[PDB]
Amino acid sequence: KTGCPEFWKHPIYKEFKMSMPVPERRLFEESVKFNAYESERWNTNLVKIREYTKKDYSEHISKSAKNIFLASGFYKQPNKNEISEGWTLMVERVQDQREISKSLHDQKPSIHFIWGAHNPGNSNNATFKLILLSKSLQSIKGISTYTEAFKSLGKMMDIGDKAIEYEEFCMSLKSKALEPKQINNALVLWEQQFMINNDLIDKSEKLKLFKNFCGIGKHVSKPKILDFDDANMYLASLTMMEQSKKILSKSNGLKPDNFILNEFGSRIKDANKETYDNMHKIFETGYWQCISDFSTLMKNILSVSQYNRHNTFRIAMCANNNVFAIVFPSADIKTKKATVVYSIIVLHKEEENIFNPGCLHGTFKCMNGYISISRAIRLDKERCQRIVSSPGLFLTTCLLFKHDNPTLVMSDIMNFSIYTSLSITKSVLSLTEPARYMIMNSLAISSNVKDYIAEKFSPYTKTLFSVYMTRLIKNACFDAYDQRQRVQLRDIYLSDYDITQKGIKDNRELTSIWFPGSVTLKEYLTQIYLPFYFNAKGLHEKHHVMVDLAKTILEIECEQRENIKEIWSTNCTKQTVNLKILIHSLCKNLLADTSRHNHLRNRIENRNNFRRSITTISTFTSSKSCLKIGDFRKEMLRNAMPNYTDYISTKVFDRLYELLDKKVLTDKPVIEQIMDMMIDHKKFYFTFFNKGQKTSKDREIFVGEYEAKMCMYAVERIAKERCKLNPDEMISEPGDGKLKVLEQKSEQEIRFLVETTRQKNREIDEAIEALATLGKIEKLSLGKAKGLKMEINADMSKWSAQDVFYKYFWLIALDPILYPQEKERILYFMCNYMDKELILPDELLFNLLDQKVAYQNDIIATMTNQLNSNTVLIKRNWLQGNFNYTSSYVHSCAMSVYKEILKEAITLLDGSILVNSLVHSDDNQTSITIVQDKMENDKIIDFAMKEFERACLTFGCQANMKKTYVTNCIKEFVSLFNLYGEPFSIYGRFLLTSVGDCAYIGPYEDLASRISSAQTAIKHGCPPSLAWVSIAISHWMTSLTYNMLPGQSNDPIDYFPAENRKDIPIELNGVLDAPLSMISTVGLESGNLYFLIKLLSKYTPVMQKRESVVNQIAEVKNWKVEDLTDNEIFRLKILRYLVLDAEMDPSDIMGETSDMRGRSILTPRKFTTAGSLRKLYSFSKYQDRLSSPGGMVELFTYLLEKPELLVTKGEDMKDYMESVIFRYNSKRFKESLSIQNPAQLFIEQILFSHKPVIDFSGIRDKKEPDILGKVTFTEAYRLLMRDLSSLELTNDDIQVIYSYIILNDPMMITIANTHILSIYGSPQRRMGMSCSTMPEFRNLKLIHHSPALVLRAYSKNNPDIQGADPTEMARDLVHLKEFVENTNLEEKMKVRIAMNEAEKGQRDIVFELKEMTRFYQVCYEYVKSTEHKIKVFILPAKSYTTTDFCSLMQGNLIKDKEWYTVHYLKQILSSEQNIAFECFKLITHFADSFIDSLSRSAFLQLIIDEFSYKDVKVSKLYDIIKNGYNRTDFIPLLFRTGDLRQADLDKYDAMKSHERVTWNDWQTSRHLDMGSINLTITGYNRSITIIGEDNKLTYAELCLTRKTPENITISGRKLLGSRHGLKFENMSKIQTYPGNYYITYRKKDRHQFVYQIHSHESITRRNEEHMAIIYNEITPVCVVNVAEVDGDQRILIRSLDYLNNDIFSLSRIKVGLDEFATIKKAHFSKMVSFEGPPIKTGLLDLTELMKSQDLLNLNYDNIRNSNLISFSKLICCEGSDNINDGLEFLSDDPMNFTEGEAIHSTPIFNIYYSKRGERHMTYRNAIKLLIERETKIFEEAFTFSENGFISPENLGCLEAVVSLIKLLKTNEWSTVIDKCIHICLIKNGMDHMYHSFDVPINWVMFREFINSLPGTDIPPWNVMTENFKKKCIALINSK
RNA sequence: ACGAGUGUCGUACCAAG
RNA sequence: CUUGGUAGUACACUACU
Ligand SMILES: Nc1ncnc2c1ncn2[C@@H]1O[C@H](COP(=O)(O)OP(=O)(O)OP(=O)(O)O)[C@@H](O)[C@H]1O
Ligand SMILES: [Zn+2]
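This deposited entry lists cryo-EM as its structure determination method and 3.9 Å as its resolution.

Here is the structure:
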């Protein structure tokens, strides 16, 4: 209500205004006090401000536009010389900043492991291996510094011949659970653990070894890195790599048998045999053995390192009987920052057979071979996790790099993979992070690679492999610019509505970066971007990274303090803003934006709950961290500084609770509270920490106060809705819809570039081709306009740091949706935010207070007054991520200014330009297409980049040097690529993130996260086989982490009534069984769906086996629970009582909400950090209330009386407090507030493998470590199985399960129908990859609103909830209530409640509360399982309907080499007048295009009286359109049927009141101006007709009633003003002659034209006077013949029959002599919705052709070049001998065919379009030629003999194959073969012996003849026959 | 030795003799 | 240097849903 008068007192505002010109200060002042409600209009102030700055904006825009003439065309090209200069400068800077060491022995270990081949001779028994190690260590020959101590270690570990009592002692120690019991000169304490015997080791030797070799108790320069550019160092690195290649690439001499193979080999092989072969090769080599041995050894070292001593060491072993590791004494691994010290020892027979990655200490000659000992290695928990998880990462990297590349050798790939996966140091991060940007910029057309390399790039090479990688990067950067010219665009196949073919040609020419070989462009980009994602997180030590981040922030703030004086500049000064240009841009942008939508303020108040309560906003009541400023002494640093500000970090909701309890916040609506807080809170404090990402330099992250949180939330929500950003998307996790937005933009520029050049060069290329039947050609070719495409992928440098915060002041002051008081208070907040202070973390203060020796130039000391305080003022740096949307809006305004610059600049050259630019937080992608003829392209590019940099500097921004590059066909938005219209993404980045990043929450949590990552990768276009690889690796890693491998601790095979992990649900620690399509589309629920589908297939009669899923489910009533296998009963009980019911709680639920129950049953307990909880103010209140006489039961009663507090976490202050206190009882919500370190969660599963962790309590109440449950995994399985055996299974429960897992959600029904009814078709190659969502996804969504809102409405029983539409909640709640009533949930809940109460005698609040909690949780999960977040997919084609989407998706996920066509037997998808219109616009045009004229009417009548469309009968739709008054749109239909009336013709003539625009024929392509132009525009007493061909309008016939030139011109002007749609500008000019009238066109606006009719004298006279004085002149186009017709011309029904005696069309009839009645076309992708009885004509089936989508093209070339699989789809002869009968009914009209025309642009590409064919180009002729080719192709392909196809010897093989196909059940590739055979025998005239087949039963014969038959090479039959053979052999093996 | 680093660190801690 | 005793998180973590 009242404003903030304190705003005009602020020192920040005082500085802001004095920095501005006096008139600008005034205009700002009147801008602040402007009220949009109290003035005449809402734009008076904005219009005034825009007009004030109009002159200066025009001056700047013109000055920047005229700079295209001052360009020179010499931009930044990163060729070899520039790269070399940058490399030299970088070397100089690095040698300055580092201490370069040229010694080879100063290398750090590249891999902290030395390996040797396992000995086939020695045994694998632990004691024998220990004896061997001892004896070999004792016999060391030679002398060194530690040889004596090593031999003493050998002495003190021998046991002699006392092994039996040794193993007895060890076994007894293990059985009982410390005293050293000496065996033989060895004080054994445990298995493989020994006590240091001072009698066997010298004192000096022991002390020296323990202090120097291991550094145990032994306790300024520059970092010492190796010489990366030295010749000797690079040669040594090459020798190391070559030695590793030589030794590790030898075969293991084993048999690969592991979990991954035995579980997923069939799937991976049936998706790609190559991938299976690659895995089989990898598993046989020494690389996999080495990595597995190292991982197992590391696991053993971590396991045994718990209870050590100060003189004890351990001998950890592994599966390799030649590799041992000594675990030297250290701290307990499960402690804080605990390290482990070890030393690898290898015993090998012969020297140089040792893996030395720079870690070997020395190899010595012992008895019977050599012994090799590595150096001591000290590692922490995090790097140990990476070491353990390395095998999966290595396998994934190998299969990503080798996938589909015959020109890359596996050994080199595996060398790189092993040296990159086991590297746990920053040395490789410092190269992987910059290499991406460096190589991408280097390949670019224009970029700053030289500058980036020279003054930013800094390799950090402490290892030899780092030197190798640096050399590889140098070579790749040298070669990128000289190989950029090897990419070529693909031939574009566009059809004026879609681009069928687009992208980069698959030319494998580009040289591989890391490998010897050649790669394609996509593979090259993968190799560039893939190495970024191997890097580990949390490698930064806080001790150094914290001071690094502090140095960065403090240095930037010091620079801003002492170097930036002026804020507003006009010469693009860095970190300055052009004031007037900014003001004008804000005016224009706000005025444009506030015009599209009207209720903008209403949307702000509604979508952000500004009028609601504080407790209803998720961002204010979450579990995140906040900041508290105050005194926390109770909860050396304090008594050091008198200005030290105390602080603590708490949770968001806890701070909200504290604020509510202390009356700081009230129950007023949130916006009022925030508005008061804008003036109440005047000091803002922020604290920073390290994010811990994988980049070489970490990023600072700032935590703020809750008051700052509310106040910034207000501003961000005000500015967010003005942006064009989707409000359901994440800034942190950008949605995949951008990948489609990029594609749409690329298509738009592609169409613009294709059309504009053609339009401007038609006459030039015509003059050229006329001379082709010489220098004139060169002159014409130089005189034409050429095309250009540019895309500037840029990122802004210091988006949050180096920005002018003063521009947001103007942005707020110009916002008209805000009252003067609101602007006052928001500006007061902005001023106070400019005065925020950064509090240094106390860890940093401790680090800096232990210095003593002072830093030479300590900036922190200088601006903390020698650490007098810990607070630093930060003025111009708005903190990272606090102002995303406002900065995005300002960036969009800047880009609008840049677009204006480019548009004016190009109009200065009389060209055409089209610019689109996407603006995210700071990432940029601007696409520019320019067509002109004035200057060269290089000058255009130079000017574009110069003005781009200037525009960014204009608004205080600054583009990065590292991330800004320009390209001709590579668009790069946020982690997404668009390769010339074809979308592209690096799918491997998700697989690597799934393999590396693991939260270790539990088995299902990790498995679900990894499967979700695999699903996302599939959605990003991952090949199916590699997705199976990732899924298998996820399974194997999850099973290895929790000891689930067969024979381990928690293996559940022997505890469940199953036989394999396959038959066990993943919810109970099984493996997932589902085709990849279900995984991609649903995720984590595909197992249940697949099990139900398998149940249906197993237990459905054969009569309904091929029907829909609903039809087979209808038979579930006939099912019996008795005749079910125990496994199926087990899984059905699981589904009934754990998915659809809450019979067993995974954990104690008392205190839980409805949304905190997962899909898991056995959730292991996690860390409950007691220390973290004591920091919470509300936790003390919870403790006090718990320790009360009757406090808790009263709270339980209050919750029971208001059950809505379970779903809704609180909606008011009192209710929110009670709900928080209640939730503190969850025993799992306390885990979410605790510290869950992935390191200790990792070590938990290895250290404590038998500790009970699972908190399982059965069916509905039937000193210790921090992590402790009640039962172990084995006990959990046993108890759960016992409990499940106590329930009963009835057929009604099965019906309920099938009704509420499949039948409820339409998406589940659709997926089941696709899985059951799928028919696989012709193989095709991926050439037109395109993004697409699933169309009409509103109709397949069962619950429209969010599950949380639905449950809130259900709890309140109110459909009209605060934030949702009541109309949809009506249906949502009725669905939820129907679910509740049908499953018998509420009444059963009351049954147990009453039964328990009666048993106990009195009411028990706890049991009822638990029951209600289970009820709400089950309802919430049911609603949640309905929504399937199907985001955009990357499909081989474009999808128009749901069935098309499903078919494309299923065909894209069955093979890696090619994608197939999928057809469905029935309708998988199982305003009414609109359906009728679509029904007839299809069938009419279908008959005209594809049906002969003779049979057209008969086919139409058959469809009308027998077919049905979209489950509606066609007859009903025709009756509907008859009743409607829009029948005049279907005049040809009514005439052909006979239902036309004279009233219809009167109405048709009555459509002359508004000029009746009728297109007598459809243009072949109207945008490219192709097709016979036959147009008629008529009004009352006037009509015209236009005829032309593509470019030239032949003649126009005009009929009028009064032949006077004035009336002629007026009538022509009226007619041309109609919505004819014809451009009249693309048409070429025509010669003008006296005495004739010519069609003329004018340009008036920039893109608006006016067409009139004039005379030769008039046009000449006006041209000759206008040419004298841009230049808009009268251009004639077509001559007109004026005629006089006074007649009524009343169209009568009697005339139509006579007129149409020769036209048999169904979509066009001669309503007059020169005018036609037409039916609007409809796309044939929807043609599948029809369903009816088959139409058998001869041998073909029209109804199947109605379904065969691949044959619905109207292009002659596509049909003639098809495959015979389409005919196998069509054919249903049932006893025919000739094919000519069927071909008669097909059409014989001319059909379109393809032509190519080169496009003149810097990316050279050729487009292929459609054009009208000649007389012989008909559908029937294409059919005949296709048959004549493909029948012979198949016959030779399947000859299986020499005599011929018809020879009986071949007929025997055909009989065998058809018998195999028929006896064995039908497969996914069996019908096509047998129908192809039928077609070919029809062709050979031996159809009598196709229905005469029989059997030739032993499967040995079947196996033999299938295996031995040859496979064809040239025909497309190769792949399909291979698939058929593989499937049939697999199935007969299953037999 | 190893991790980190052009920021002084980790490189287990305490008590007894 | 010998003996005894002690040790569960990096107490860690944002804005954007
Ligand atoms: N994890 C995050 N936390 C907070 N804000 C983030 C985060 N990730 C992205 N952002 C937002 O997006 C921007 C991305 O900036 P980016 O990481 O490119 O660095 P920058 O500040 O632009 O500096 P430079 O380009 O020199 O690295 C941030 O400034 C912030 O607005
Ligand atoms: Zn037949």
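Moving on from the coordinates now.
A. The arrangement of the overall build of chain A in detail. On a plain count of helices and strands, chain A comes out with 72 helices and 49 strands. Whereas a compact globule of 1935 residues would reach a radius of gyration of roughly 39 Å, chain A reaches 39 Å, a difference of no more than 12%. Taken along its principal axes, the extent of the C-alpha atoms in chain A is 130 × 105 × 90 Å. For chain A, buried positions account for 58% of its 1935 residues. In the structure as shown, chain A presents an accessible area of about 81400 Å², 51% of it carried by carbon and sulfur atoms. Counting 249 positive and 242 negative side-chain charges, chain A places the centres of these two groups 4 Å from one another.

B. Up close: the site of ligand 1. Close to ligand 1 lie 16 residues; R699, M796, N884, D922 and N960 are nearest. In the environment of ligand 1, an oxygen atom lies 3.5 Å from a nitrogen or oxygen atom belonging to the backbone of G881. In this structure, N884 approaches ligand 1 through a side-chain N or O atom, which is 2.9 Å from an oxygen atom. In isolation ligand 1 offers 610 Å² of accessible surface; the protein chains occlude 76% of this area. Considering only residue class, the shell around ligand 1 consists of four nonpolar, seven polar and five charged.

C. A look at the nonpolar core. Ranked by internal contacts, the top residues of the largest apolar core, which has 511 residues, are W810, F1480 and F1730. Ranked by residues supplied to this core, first place goes to helix α32 (residues 884-907) with 12 residues. For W810, the contacting residues outside a window of four places in its chain are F16, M20, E24, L27, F28, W568, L579, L582, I583 and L586. Formed by 40 residues, the second largest nonpolar core is a distinct cluster that contains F150, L153, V188 and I373.

D. Local environment of unusual backbone geometry. Backbone geometry places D1569, a non-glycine residue, at a positive phi of 60 degrees. In this structure, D1569 sits in the loop between β36 (1556-1559) and β37 (1572-1579). Judged by relative accessible area, which is 3%, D1569 ranks as buried. In this model, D1590 sits at a positive phi of 70 degrees, which is unusual for a non-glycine residue. Position of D1590 among the secondary structure elements: in the loop between β38 (1582-1589) and β39 (1592-1600).

E. Region of the structure containing helix α50 (residues 1306-1317). Over its 12 residues, α50 extends 16 Å from the first C-alpha to the last, a length consistent with the 16 Å expected when each residue adds 1.5 Å. Buried residues dominate α50, accounting for 10 of its 12 residues. Inspection of α50 places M1307, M1308, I1309, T1310, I1311, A1312, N1313, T1314, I1316 and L1317 among the buried residues, and these make up the whole buried set.

F. Representation of the sheet that holds strand β28 (residues 976-979) in the model. Read across the open sheet, the three strands follow the order β27-β28-β29; overall the sheet is antiparallel. Sheet topology places β27 (970-973) and β29 (982-984) at the edges, where each strand pairs with a single neighbour. The mean angle between the axes of side-by-side strands here comes to 25 degrees, regardless of whether they run parallel or antiparallel. Across three bridges, β28 lies against β29 in antiparallel orientation. Across the sheet, residue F977 finds its bridge partner in β29, namely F984.

G. Spatial organisation of the protein's contact with RNA strand B. Surrounding RNA strand B, one finds 40 residues, the nearest of these being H543, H544, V853, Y855 and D858. Sugar plus phosphate, as a fraction of atoms of RNA strand B within 4 Å of the protein: 57%. Between a phosphate oxygen of RNA strand B and a main-chain N or O atom of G217, the distance comes to 3.1 Å. A distance of 2.8 Å separates a phosphate oxygen of RNA strand B from a polar side-chain atom of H219. Those elements that provide at least two residues to the surface near RNA strand B are α9 (203-213), β11 (377-379) and α20 (542-563). The element best represented in the surface near RNA strand B is α20, accounting for four residues. Residue composition of the surface near RNA strand B, by class: 15 nonpolar, 12 polar and 13 charged.

H. How the structure looks around the coordination of the zinc ion (ligand 2). Only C1773 (SG), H1878 (NE2), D1887 (OD) and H1891 (NE2) from the protein coordinate the zinc ion (ligand 2), and they sit 2.2 to 2.4 Å from it. Each of the four donor atoms bound to the zinc ion (ligand 2) contributes to angles spanning 79 to 139 degrees, and the resulting shape is irregular. Donor residues binding the zinc ion (ligand 2) come from one chain and are separated in sequence as C-x104-H-x8-D-x3-H. Of this pair, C1773 sits in the loop between α66 (1765-1770) and α67 (1780-1784) while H1891 sits in the loop between α70 (1871-1883) and α71 (1899-1908); the two residues are 118 residues apart in sequence, bridging distant segments of the chain. Given a relative accessible area of 5%, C1773 falls into the buried group. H1891 gets classed as partly exposed once you look at its relative accessible area, which sits at 39%.

I. Representation of the packing of aromatic side chains within the structure. Applying the stated rule across the entire model yields 91 aromatic pairs. Where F355 meets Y419, the ring centres are 6.2 Å apart and the plane angle is 65 degrees; that geometry is what we call edge-to-face. Of this pair, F355 sits in the loop between β8 (340-348) and β9 (360-366) while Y419 sits in helix α15 (residues 410-421); the two residues are 64 residues apart in sequence, bridging distant segments of the chain. An angle of 50 degrees between the planes, with centres 5.1 Å apart, marks the rings of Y493 and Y1808 as tilted. Residue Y493 is classed as partly exposed on the basis of its relative accessible area, which comes to 35%. In this structure, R471 packs its charged tip against the face of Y234, placed 4.4 Å from the ring centre. Lying across the ring of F1091, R1131 places its NZ or CZ 4.5 Å from the centre.

What counts and what doesn't
- Residues numbered from 1 in each chain as written, not as in the entry; some residues may be left out.
- Chains lettered and ligands numbered in written order.
- Part of a larger assembly, values for the part shown.
- Heavy atoms only, no water.
- Helix = DSSP H or I, 4+ residues; strand = E, 2+ residues; numbered from the N terminus.
- Rg over C-alpha atoms; globule rule 2.2 N^0.38 Å.
- Buried < 20%, exposed > 50% of the residue type's maximum accessible area, 1.4 Å probe, protein only.
- Areas by Shrake-Rupley, 256 points an atom, 1.4 Å probe, with all protein chains shown as cover.
- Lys, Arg positive; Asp, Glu negative; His and termini not counted.
- Charge placed at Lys NZ, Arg CZ, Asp CG, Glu CD.
- Near = heavy atom within 4 Å.
- Polar contact = N/O pair within 3.5 Å; in protein donor to acceptor, adjacent residues only side chain to side chain.
- Nonpolar A, V, L, I, M, F, W, Y, C, P; charged D, E, K, R; others polar.
- Core = buried A, V, L, I, M, F, W, Y, C linked by side-chain atoms within 4.5 Å.
- Contact = heavy atoms within 4.5 Å.
- Expected span 1.5 Å × (residues − 1).
- Pairing = 2+ DSSP bridges.
- Axes fitted to C-alpha atoms, helices over the stretch in contact; angles between N-to-C directions.
- Donors = N, O, S within 2.8 Å, 3.2 Å for Na, K, Ca; no water.
- Tetrahedral: all angles 85-135°; square planar, octahedral: opposite > 155°, others 65-115°.
- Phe/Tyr/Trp six-rings, centres within 6.5 Å; stacked < 30°, edge-to-face > 60°.
- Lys NZ or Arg CZ within 6 Å of the ring centre and 35° of its normal.

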